[PDB]
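So the protein sequences, as listed, match chains A and B.
Counting in this note's numbering, the first sequence runs from -6 upward without gaps.
Counting in this note's numbering, the second sequence runs from 10 upward without gaps.
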Amino acid sequence: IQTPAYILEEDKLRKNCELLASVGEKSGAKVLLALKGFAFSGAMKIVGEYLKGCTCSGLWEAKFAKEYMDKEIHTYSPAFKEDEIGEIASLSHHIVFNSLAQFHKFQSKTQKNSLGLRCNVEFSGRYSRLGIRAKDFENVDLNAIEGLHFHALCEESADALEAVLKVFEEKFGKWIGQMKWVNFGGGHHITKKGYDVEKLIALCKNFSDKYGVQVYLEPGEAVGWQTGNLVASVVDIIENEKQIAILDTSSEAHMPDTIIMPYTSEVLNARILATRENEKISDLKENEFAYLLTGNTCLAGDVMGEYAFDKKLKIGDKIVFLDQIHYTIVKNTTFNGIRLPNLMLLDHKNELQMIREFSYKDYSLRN
Amino acid sequence: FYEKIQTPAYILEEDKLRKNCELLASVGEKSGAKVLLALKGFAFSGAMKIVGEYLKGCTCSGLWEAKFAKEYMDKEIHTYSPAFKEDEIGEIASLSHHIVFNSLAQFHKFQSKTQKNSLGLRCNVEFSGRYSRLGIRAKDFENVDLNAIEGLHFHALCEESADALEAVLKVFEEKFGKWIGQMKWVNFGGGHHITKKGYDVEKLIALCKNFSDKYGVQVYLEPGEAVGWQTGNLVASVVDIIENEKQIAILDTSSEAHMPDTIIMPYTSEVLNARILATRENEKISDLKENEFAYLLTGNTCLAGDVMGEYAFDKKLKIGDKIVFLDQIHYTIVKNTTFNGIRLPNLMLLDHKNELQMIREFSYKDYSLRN
Ligand SMILES: *Cc1c(COP(=O)(O)O)cnc(C)c1O
Ligand SMILES: *Cc1c(COP(=O)(O)O)cnc(C)c1O
Ligand SMILES: NCCCNCCCN
């Protein structure tokens, strides 16, 4: 590994997609990759051996689905524009509108697509712009709408989906039986250890039998969950009261959700002792060595955390940030002109494959 | 002016940029300090030649910024990194006039590959910070052979005043004083909000001039934000307007992808002809007046939290109206994203003749070739 690099493990992605395929086969639901979280171009054909297509937020994702996967394309945007709707309609099997005005504006340009409406389920979200509330369905012509859609969950359980479906059916139930399909969105933490997979299958099966509809699920995170790591090197080690490792990667540019959320990444063969925000998480044990892990941007707060290792770090050691393929790459930056981590794939034969190697132009042509 | 443009777009105004640069050139003129653009915050490719009319060069964090400085400006190049790497030091050395190291180890490791460059060390001034990895603390200078070192560097400020640089200089001279006289230059870093209304320019000039004279050193300043301050806006359109208790305008831009610092810091952008009533985080800022209309302005990503804030306007918004987010050229473009495949704002220049030029028009490949 020339560093930094995001490295997706084929074997792990395959195990995730096997489980998701199993959910679809046992429940009758169709499972789609939500590209927002996980769009790893080197793995799109692999994902497509298992899943039915992509869910896409607009033109660029729809184009990406077409090019990389070429399976079903489902497109939802809070904001379709006039200049893009034609190409989106040419590519998309399903198009979900966020408002009735959007539906009405674009219905005549989407006559070959199966149309849906996003439903605001209003379930603990106040003042959300996403979806249509139930009261606004009264009096509206739904003859041209074949699907209802919701997305209401983030890193959640089968029990949470049950709770959402209960409210979805109480508020929207009069309009469900007349649809061909319903899309339960994403946020289902299906490949996480301990998730109640049998419950999800039963919920999807039971709903489909109850209303005679095709169920769709559109996980993003669950596809990329624990499928790979960001690998960095120790470039320098300095002392300022604590021992501090400066790495060739950056929180802010390469793991931006660690700063936004905020959260602290786990590190292979290490334990988190304290967060960058100085929250104490654990105490150092015997025969452990504490380091601040820090990044290569010029920012004062480019700090991953304080971590306990069981050996001393040396310049040139590799640090492995765990579970860094979803909601990372898709949102990363070239801030401060920091060299981007290459995208790599560890294939089923344990051979490392370069998928994208970035260069100066990735930075210069974006400024 | 804005009506025929594809939105969204960041629009830099030449006249405003030139006013800032005139002022920074005035500081250099009067103090003898040499002023550099810190590319971290402002790297607008279409403006680099304009900035070079006024400033002496660029401060760069590494290889990619040094190459950009070389290509776009072709003036002095000053490189500092907390973490130089072996695979890049060669090319950084061929491009840079000054190289500033973050630690003695990094200096000792790369001294022999940097013989044609002027070498500096970054000083941790330790002032109001704890556990900072940036710079060397004064105690670690003691009894170190500094023969090969021609400059000292600090960067200790953010959006600050001439009085705050005065307080930092006092601490810097107190702690590192005994080694300043032997240097050829000192670099006072960035964070000087020189072009903000009210800044005490006169005092900055005196501080720089006195310091220069006292120690017999060439002083360097390396503002980023100051160069870009109030030079331009991000222009978006209202794509849809919906209601959920409040009126909500959904725009073709995203706080998360296009104004990331609004989410990270967090802070709320001002909007042309509007007043902030409340932040995305529900902080009350002001009350609606009698003849105004309140709207939540929100983005086009699929995230629930892609909300800019609640703002008061003098008239109702309509689909197709342009929303102008004020002061969006610095610490924006340089750190924006194609998250959710959102179409990037184009980069445009409103030039000195009031003509709008396209600098960069983005496309699908800017997204697909990054995933
Ligand atoms: C984000 C999103 C998804 C995927 O959510 P995950 O948490 O990654 O599973 C699915 N559908 C829509 C409409 C989304 O906005
Ligand atoms: C960020 C930075 C600057 C510029 O800072 P501004 O606040 O944009 O003026 C200059 N030098 C160094 C070393 C920096 O990290
Ligand atoms: N005035 C700039 C402060 C330094 N860094 C800011 C980085 C956040 N965009």
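Heads up, the beta-carbon is just placed ideally off N, CA and C, and yes, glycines get one too.
- Below the 8 Å Cβ cutoff, chain B contributes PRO91, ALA92, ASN111, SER112, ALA114, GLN115 as neighbours of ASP229/A, in chain order.
- The beta carbon of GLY71/B is closer than 6 Å to those of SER90 in its chain, skipping five residues each way along the sequence.
- Using a Cβ-Cβ cut-off of 7 Å, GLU131/A does not count as an interface residue toward chain B, since no Cβ of chain B sits closer than that to its own.
- For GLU231/B, the closest of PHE197/B, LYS205/B, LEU243/B, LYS206/B by C-alpha to C-alpha distance is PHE197/B.
- Taking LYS305/A as reference, the option from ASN343/A, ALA238/A, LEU315/A with the minimal CA-CA separation is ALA238/A.
- In terms of Cβ geometry, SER107/A and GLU139/A form a close pair [threshold 7 Å].
- In this structure, DSSP gives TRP238/B a state outside helix and strand, which the three-state scheme calls coil.
- A Cβ of chain B is located within less than 7 Å of the beta carbon of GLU54/A.
- Cα atoms of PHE143/A and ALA266/B: separation of roughly 23 Å, rounded to the nearest angstrom.
- Considering only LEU155/B, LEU45/B, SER264/B, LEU353/B, the residue with the shortest C-alpha distance to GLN120/B is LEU155/B.
- In this structure, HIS87/B has its beta carbon at no less than 6 Å from each heavy atom of ligand 2.
- Under the DSSP definition of a beta bridge, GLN207/A partners with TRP174/A.
- Sequence-distant partners of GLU234/B (beyond 5 residues in either direction) whose C-beta falls short of 6 Å from its own C-beta, in its chain, are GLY50, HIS339.
- Under the 8 Å Cβ criterion, the stretch 294 to 308 of chain B does not count as touching the stretch 320 to 330 of chain A, having fewer than three qualifying pairs.
- Restricting attention to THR288/B, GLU151/B, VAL247/B, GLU23/B, the CA atom closest to the CA of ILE328/B is found in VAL247/B.
- Looking only at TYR353/A, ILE183/A, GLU11/A, the smallest Cα-Cα distance to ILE39/A is reached by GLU11/A.
- For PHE110/B, the three-state secondary structure derived from DSSP is strand.
- Shown here for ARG379/B: same chain residues with a beta carbon closer than 7 Å to its own, the five before and five after excluded, namely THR347 in chain order.
- Ranking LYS179/B, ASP249/B, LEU356/B by CA distance to the CA of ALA94/A puts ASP249/B first.
- Around the C-beta of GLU54/A, 16 or more other C-beta atoms lie within 10 Å, and the residue is accordingly described as buried.
- Going by DSSP, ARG131/B is part of no alpha helix (DSSP H) but of the beta strand (DSSP E) stretching over 127 to 131.
- Sequence-distant Cβ neighbours of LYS273/A in its own chain, meaning closer than 8 Å and more than five residues away, are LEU266, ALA267.
- Judged by beta-carbon spacing, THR251/A lies beyond the 7 Å limit of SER243/A, meaning their Cβ atoms are not closer than that value.
- For the options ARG27/B, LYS122/B, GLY41/B, the alpha carbon positioned closest to that of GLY61/B is the one of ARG27/B.
- By the 16-neighbour rule on beta-carbons within 10 angstroms, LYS203/A is exposed.
- A residue is listed when its beta-carbon falls short of 6 Å from at least one non-hydrogen atom of ligand 1; in chain order these are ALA27/A, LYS29/A, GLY30/A, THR48/A, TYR69/A, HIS144/A, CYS147/A, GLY178/A, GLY179/A, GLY180/A, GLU211/A, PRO212/A, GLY213/A, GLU214/A, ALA215/A, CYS311/B.
- By the Cβ neighbour-count rule, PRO17/B is buried, with 16 or more other Cβ atoms within 10 Å of its own.
- The criterion of a C-beta distance shorter than 7 Å is not satisfied by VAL333/B and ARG289/B.
- Selection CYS217/B, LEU358/B, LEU260/B, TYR276/B evaluated against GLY37/B yields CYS217/B as nearest (Cα-Cα).
- Around the Cβ of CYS311/B, a 10 Å sphere holds 16 or more other Cβ atoms; the residue is buried.
- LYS128/A: not part of any beta strand (DSSP E); DSSP gives it neither H nor E.
- By the rule that beta-carbons nearer than 7 Å mark a contact, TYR209/A does not touch chain B.
- The alpha carbon of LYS128/A has as its nearest neighbour, out of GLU252/B, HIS106/B, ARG369/B, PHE53/B, the alpha carbon of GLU252/B.
- The C-alpha of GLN227/B lies about 42 Å from the C-alpha of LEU223/A.
- Shortest Cα-Cα distance from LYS105/A to any of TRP174/A, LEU44/A, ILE88/A, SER92/A involves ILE88/A.
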